[PDB]
Amino acid sequence: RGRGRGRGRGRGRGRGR
Amino acid sequence: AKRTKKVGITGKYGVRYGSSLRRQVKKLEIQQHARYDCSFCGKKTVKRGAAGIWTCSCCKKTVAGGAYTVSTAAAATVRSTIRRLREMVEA
Amino acid sequence: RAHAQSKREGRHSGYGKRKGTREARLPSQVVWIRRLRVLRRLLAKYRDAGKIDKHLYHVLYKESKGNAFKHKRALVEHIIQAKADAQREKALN
Amino acid sequence: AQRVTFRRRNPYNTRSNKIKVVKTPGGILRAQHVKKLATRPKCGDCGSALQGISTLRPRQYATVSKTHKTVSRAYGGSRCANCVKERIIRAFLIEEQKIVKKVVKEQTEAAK
Amino acid sequence: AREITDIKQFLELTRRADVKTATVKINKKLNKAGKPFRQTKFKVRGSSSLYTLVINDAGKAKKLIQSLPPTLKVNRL
Amino acid sequence: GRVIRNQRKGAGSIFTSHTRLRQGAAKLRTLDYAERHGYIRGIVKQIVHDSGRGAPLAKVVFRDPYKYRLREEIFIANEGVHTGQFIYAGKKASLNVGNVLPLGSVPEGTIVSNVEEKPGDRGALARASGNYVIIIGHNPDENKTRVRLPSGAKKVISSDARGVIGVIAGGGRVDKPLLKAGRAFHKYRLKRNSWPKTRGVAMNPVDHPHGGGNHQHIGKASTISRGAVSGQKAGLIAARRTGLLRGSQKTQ
RNA sequence: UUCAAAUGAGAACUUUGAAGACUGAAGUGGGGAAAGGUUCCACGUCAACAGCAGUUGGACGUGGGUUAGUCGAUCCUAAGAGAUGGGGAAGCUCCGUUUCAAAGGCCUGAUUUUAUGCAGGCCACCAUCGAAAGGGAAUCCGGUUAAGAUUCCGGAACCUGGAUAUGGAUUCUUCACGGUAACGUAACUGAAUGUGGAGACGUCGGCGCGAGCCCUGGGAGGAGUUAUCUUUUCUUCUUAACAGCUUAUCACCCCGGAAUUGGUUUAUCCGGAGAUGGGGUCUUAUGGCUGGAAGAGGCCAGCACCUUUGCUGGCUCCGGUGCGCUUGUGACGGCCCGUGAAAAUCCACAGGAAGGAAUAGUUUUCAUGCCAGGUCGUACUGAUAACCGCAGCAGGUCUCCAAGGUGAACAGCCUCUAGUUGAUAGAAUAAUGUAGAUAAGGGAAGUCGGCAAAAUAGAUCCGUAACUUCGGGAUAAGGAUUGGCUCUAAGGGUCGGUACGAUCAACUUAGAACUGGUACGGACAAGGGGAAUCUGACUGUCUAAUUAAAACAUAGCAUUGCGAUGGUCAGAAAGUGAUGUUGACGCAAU
RNA sequence: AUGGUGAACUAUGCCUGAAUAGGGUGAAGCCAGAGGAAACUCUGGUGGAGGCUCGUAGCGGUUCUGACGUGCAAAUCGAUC
Ligand SMILES: [Zn+2]
């Protein structure tokens with residue numbers, strides 16, 4: 001929703017390959 | 001004192017747009033801001049405004065001419081090729 | 001009022017109290033406008049009073065336009081000088 | 001050190017919402033709405049403003065008297081008073097030229 | 001809001017068959033540089049404008065009051 | 001896919017002409033009894049600039065032959081026409097700059113402009129600034145006159161068509177470079193919404209046939225056939241030759 | 001934020017007084033637009049709401065409040081929207097806006113059967129909607145309410161529409177005189193029709209003028225300070241719409257005839273197409289005087305006194321200054337391949353159709369007098385609490401008015417007017433944090449990487465390279481000076497004369513001594529620089545909410561299609577459209 | 001798939017209005033002086049040009065990958081730019 005709770009796009013965080 | 005060596009009126013553009021593009025404009029910007037002799041009143045009061053329109057400062061005569069020159073060289077031959085052809089109608 | 005009284009005497013006006021440029025505190029155009037309006041007004045009142053003729057006025061109007069007359073005292077010294085040599089030439093010719 | 005507000009519902013600085021600051025007899029500063037200034041009438045062909053005519057708003061020209069909108073000379077409130085004298089030389093000379101050209105035409109078919 | 005300078009024209013406005021109220025105002029003024037004098041102002045209320053006449057001489061001030069018609073209601077000060 | 005840019009210009013929503021400051025339709029005087037059996041005199045009242053045009057317009061006032069009034073027409077000013085000049089329009093007019101004559105009476109080699117295609121449309125050919133046509137031949141039978149168009153085409157039209165003698169003022173306008181996008185922004189600000197133009201190769205495949213790919217390239221031939229379909233005509237339509245010619249210019 | 005008092009069962013939070021502070025006038029000030037809809041005001045109440053509290057509240061309960069011929073809507077037209085006549089579509093409906101239409105009524109004359117039938121002539125413009133920031137008939141001042149006013153009251157004006165009368169003017173030369181002229185007047189017939197003007201216009205730059213504000217002198221009042229000093233500090237001294245007279249830059253007229261060329265702006269334009277000069281005319285933005293108008297308002301004093309509360313005296317004056325701030329305006333100059341709305345409406349001129357005097361007529365564009373001016377909106381907020389965000393949310397949301405000092409400055413900082421002191425508090429000062437800082441010696445050894453931080457900083461003077469499209473680079477790089485106090489020099493205005501004084505008023509620059517814990521753009525404010533490579537020419541633009549870039553755009557360059565029965569594109573169709581109010585120096589496609 | 005609703009956010013065009021301190025640099029035009037046989041060239045002023053530049057209001061959102069990250073906020077706050 002907001003600027004927090006980030007899970008999807010990522011530079012080196014989760015949801016990679 | 002001569003402030004600039006060769007840029008002349010194109011010194012307002014700075015270092016931009018290139019030297020060759022600034023030289024063609026310098027040839028046409030001088031002509032479009034120069035003063036010209038009025039054929040009717042004999043005074044050098046013709047100034048350019050709304051290109052294609054040349055108005056006399058006094059004398060109120062407005063002459064339609066070229067974009068940057070009162071009489072273009074391509075239109076001077078037109079003024080002479082009609083005068084030459086007109087004289088053959090009555091003679 | 002006390003600070004403005006000291007500024008009239010010349011205090012608080014050194015190099016350490018200037019934060020703007022010389023043109024910002026007082027523009028050079030205003031000094032030039034003040035210079036011509038004194039020279040042209042003095043030169044016009046001399047023509048009306050008969051102290052100068054119209055031929056000398058015309059060559060001094062254009063001379064005062066460019067340079068060489070930085071104040072009124074410089075113009076009146078040139079007018080007397082230009083009138084002193086004008087009468088010695090007439091007395092000899 | 002006294003500030004003033006608008007006197008009408010328009011809060012924008014449009015061309016019809018000019019404000020002049022006026023000191024009232026009450027001793028306070030108060031705004032006054034001024035109207036747009038009138039333009040002097042112009043001549044029909046020379047473009048200069050003809051003299052002798054008052055400069056008013058067009059619909060308040062119907063309230064002023066006759067002498068404020070015209071000149072006793074013919075073509076008074078329409079021409080430039082040199083525009084009139086220019087078309088009198090032209091009206092007199094051309095009609096004098098048109099009758100001396102009619103007798104030159106008469107010279108042709110009467111002698112050929 | 002109109003000023004009248006003629007005293008003979010002023011008397012004609014008082015008998016215009018419509019003016020009902022007139023006021024006389026005494027003003028305490030002073031001359032060029034010396035003594036104060038008595039300035040009077042005769043104001044007549046018409047139907048579209050207020051006519052007034054100012055007299056700076058006290059000799060002519062009293063003379064004009066008796067010349068006013070008695071059908072006109074004069075309001076002193 | 002998506003509807004490409006040139007297909008959207010036919011709807012006319014934001015691509016219409018900006019016609020607020022324009023002075024009117026520049027048309028010749030209508031063909032009446034006076035212009036085909038004599039001539040009529042008009043006065044050049046005022047020459048004015050036209051928004052969105054390179055050539056100035058001229059206010060010419062004629063007298064109505066059938067009722068007491070004045071009729072002001074909108075002419076295209078030629079180079080040499082001044083204010084207060086008498087303009088003669090009709091069949092019996094002289095060969096002066098600014099006069100309107102039928103082109104079946106002018107000699108060969110006359111420099112005319114604002115030429116009617118058919119007699120009655122009040123000027124169709126040679127209307128841009130600095131452009132003119134030349135009468136190259138005359139056919140007394142069938143009242144057909146041969147001229148050369150500014151593009152170089154040699155058309156034949158009726159001898160009853162009219163044309164104004166001279167060359168249109170405002171020539172040499174395109175000789176000066178604009179030097180910046182700011183001056184090009186104001187040029188197209190009063191003509192139509194067609195600037196700036198995005199290249200078709202730098203867009204997506206939905207937006208152009210040239211879009212897509214890992215490199216900016218067209219992919220297929222840029223020459224499109226004439227009998228193509230609206231949506232495919234992007235590039236050089238019905239081109240007979242391509243490239244820069246290292247030789248002589250336009251033929252005779 | 002603190003203290004005291006008042007109210008109350010109850011007070012860190014209510015009210016009052018006192019003190020300390022802040023917003024610093026691009027405000028936490030005074031007003032509006034959009035939006036909200038009674039939140040506005042009074043009284044009563046504290047269950048719920050005001051994430052603590054509550055005697056308080058934008059809460060709850062009960063009532064009160066919005067007054068217009070002059071302010072707006074109403075009217076006009078802009079981009080546009082959209083009936084009719086017609087043409088499409090099975091059809092809901094689509095096209096189209098003067099379009100293949102038999103498209104309509106105005107001044108009157110004729111008529112004393114009665115009301116308008118009927119005789120001319122005229123004009124063809126041919127719905128309507130579309131702006132509370134465009135165009136536009138006409139109002140101001142003072143007072144007044146718990147809450148309303150340019151709307152109420154008092155006084156003073158103006159416009160429109162319609163009636164007619166009185167006076168004046170003109171007429172027996174029927175439809176006025178004067179001035180050489182520009183033109184002037186209290187008035188001084190004018191239909192059809194035609195013409196012209198106003199309405200009606202970009203931006204920037206300096207200059208002139210005006211208004212308000214700022215600054216300041218004398219004087220007449222009041223207040224503050226006084227150990228000492230200070231003819232001191234602060235405050236009051238105001239004049240509306242409208243009316244009469246008068247007043248200027250520009251412009252114009254007459255006389256006159258200029259080279260020994262002259263006149264003239266800050267900015268170089270003008271003159272035998274008639275300059276300089278002399279004498280005049282006009283516009284009245286604006287200013288001046290008077291009326292309005294002191295009777296008002298303001299500042300004080302002297303009295304009355306539960307009280308409706310007043311009464312009586314005074315003063316309210318005369319000046320100066322400017323690269324000042326804000327704003328209006330005038331004449332100019334620069335810029336464009338950009339030349340920078342329309343209509344309603346009003347006026348003038350051309351025109352000479354008609355109507356008219358002598359024992360009498362005509363003009364309501366001269367003056368005065370009479371009547372009427374409807375409908376709707378009108379309170380308040382306009383935002384760290386009244387709007388939109390689930391809310392009393394550090395977010396978002398258009399505009400006007402702008403005091404003093406420092407300084408180039410609407411920067412930062414402090415103060416006046418005005419407005420707030422509202423964000424749950426109390427007690428201690430562990431770790432770890434967030435924000436702000438300082439560090440000896442070394443000076444990037446840290447790190448993917450000088451990330452972060454530091455240093456540099458204003459002004460004046462000196463000095464300034466390679467390279468280059470000759471315009472730049474450049475504040476290149478690199479150095480010095482800066483306080484206070486006492487002085488000196490230079491730069492002006494006005495007045496009587498064919499020579500010089502007198503008097504008055506500005507902050508600008510330069511220079512010299514003296515002085516100090518060597519400090520001095522002392523707070524605030526305020527560029528790190530250099531040598532090269534890759535890349536894009538530059539200004540500009542985009543992934544609102546992870547990617548601002550070398551990506552896009554750009555000028556330049558090149559190619560292609562098209563001469564109107566056409567090129568490119570739209571629509572189901574169409575008597576349909578866009579480019580096109582267009583025409584190859586164009587449009588369309590790359 | 002069928003039939004309807006939305007451009008109050010945002011994208012673009014048009015119409016009508018509004019808004020934007022103080023400095024730096026000094027282009028054309030012009031004046032005066034000097035040198036030169038000429039052509040003309042230099043010097044001092046004037047003037048105020050720029051999709052110039054420093055920098056407020058405004059607009060934007062580079063970095064600290066700071067604060068916050070069941071936040072004041074379903075995109076904000078601070079410094080910096
Ligand atoms: Zn001329």
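Naming: A, B, ... by sequence-line order, numbering from 1 per chain.
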Give a yes or no on whether the backbone of F:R173 and the side-chain of F:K176 come within a donor-acceptor separation of less than 3.5 Å. no
Sequence neighbours excluded, which residues qualify as side chain to side chain donor-acceptor pair (under 3.5 Å) partners of E:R16? E:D18, E:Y51
Name all residues meeting the disulfide bond (SG atoms under 2.5 Å apart) criterion together with B:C38; count only those two or more places apart in sequence or in a different chain, and write none if there are none. none
Got a list of side-chain donor-acceptor pairs under 3.5 Å for residues 13-29 of chain D, not counting sequence neighbours?
residue	atom	partner	partner atom	Å
D:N13	OD1	D:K18	NZ	3.4
D:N17	ND2	D:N10	O	3.0
D:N17	ND2	D:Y12	O	2.9
D:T24	OG1	D:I28	O	2.9

For residues 86-98 of chain D, please give each side-chain donor-acceptor pair under 3.5 Å, one per line with the distance, not counting sequence neighbours.
residue	atom	partner	partner atom	Å
D:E86	OE2	D:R90	NH2	3.4

Less than 4.5 Å apart, any side-chain heavy atom of B:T55 and any of B:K47? no
Contacts of type disulfide bond (SG atoms under 2.5 Å apart), residue D:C83, not counting sequence neighbours: D:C80
Sub-3.5 Å donor-acceptor pair from the side chain of F:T16 to the main-chain atoms of F:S13, do we have one? no
Residues passing the side chain to side chain donor-acceptor pair (under 3.5 Å) test with F:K191, sequence neighbours excluded, are none
Applying side chain to side chain donor-acceptor pair (under 3.5 Å), name anything that partners F:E116, two or more places apart in sequence or on another chain. F:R162
Could you list the donor-acceptor pairs under 3.5 angstrom formed between side-chain atoms of residues 8-15 of chain E and any protein atom two or more places apart in sequence or on another chain?
residue	atom	partner	partner atom	Å
E:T14	OG1	E:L11	O	2.6
E:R15	NH1	E:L11	O	2.7

Restricting to pairs with a member in residues 64-77 of chain E, which pass side chain to side chain donor-acceptor pair (under 3.5 Å), not counting sequence neighbours? none
Could you list the residues that satisfy side chain to side chain donor-acceptor pair (under 3.5 Å) with D:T67, not counting sequence neighbours? D:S65
Output a table of donor-acceptor pairs, distance under 3.5 Å, between side-chain atoms of residues 78-87 of chain F and any protein atom two or more places apart or on a different chain; print 'none' if there are none.
residue	atom	partner	partner atom	Å
F:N78	OD1	F:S113	OG	3.1
F:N78	OD1	F:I168	N	3.3
F:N78	ND2	F:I165	O	3.3
F:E79	OE1	B:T72	OG1	3.1
F:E79	OE2	B:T72	N	2.8
F:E79	OE2	B:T72	OG1	3.1
F:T83	OG1	B:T62	N	3.2
F:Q85	OE1	F:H82	N	3.4
F:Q85	NE2	F:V97	O	3.3

Which residue pairs pass the ring pair (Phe, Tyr, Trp, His ring centres under 6.0 Å) test when at least one of the two sits in residues 20-58 of chain F, sequence neighbours left out? F:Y33-F:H37, F:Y39-F:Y88
Classify the side-chain pair C:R40/C:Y61 by whether it contains a donor and acceptor separated by less than 3.5 Å. yes
